[PDB]
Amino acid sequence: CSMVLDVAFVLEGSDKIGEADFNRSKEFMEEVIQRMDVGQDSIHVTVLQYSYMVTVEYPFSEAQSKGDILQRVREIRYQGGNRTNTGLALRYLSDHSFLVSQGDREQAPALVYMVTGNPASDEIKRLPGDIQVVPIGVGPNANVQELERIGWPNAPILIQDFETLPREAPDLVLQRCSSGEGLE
């Protein structure tokens, strides 16, 4: 995927996920970033982790080089929170992450890949249309119809388990990046 695009990665880091599965989420994300054409004139990346609260791990406003991003990703510490506040994570995206004051490019399309394995603890609201969300529902505990509503027009990418996530999902994520649409 090589284009002008602002991409957000949102990882659930709750106790229900656990440290091992969160590390698998991280490794999935690292692999995607490696395959993407990340640079100042191309793809820009922001990274968020959420559970009880939301942490901006890497804002758009910081240096948009692959090396700097990937190293910050390695430095991300699993929070292990007692909630899955997906609605709050979405609010961060619309009301913080994709603002020009936080490094967002006004003329670039906005795309979010959100990795979750549990139903939302909180109230969810569909984002403004300009922020495209591709939910990645991992494991048997994902609330699929909830993700379908968050995702529209994007179908959720459903992954059987966190072990499969780093192996299977990057290909699908990059296909969606380049084409602008999911498969079949």
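We number the residues from 1 along the sequence you see.
- Taking the mean C-alpha B-factor of each stretch as recorded, 145-153 and 56-64 are not equal, and the higher mean is that of 56-64.
- Averaged over CA atoms, B-factors in the entry run higher in 171-179 than in the other of 171-179 and 6-14.
- Compared with the other modelled residues of the chain, the Cα B-factor recorded for residue 96 ranks in the middle third.
- In the PDB entry, a CA B factor belonging to the lowest third of its chain's modelled residues is recorded for residue 90.
- In the deposited entry, the Cα temperature factor of residue 76 sits in the top third of values across the chain's modelled residues.
- In the deposited entry, the Cα temperature factor of residue 139 sits in the middle third of values across the chain's modelled residues.
- Among the modelled residues of the chain, residue 102 sits in the highest third by CA temperature factor in this PDB entry.
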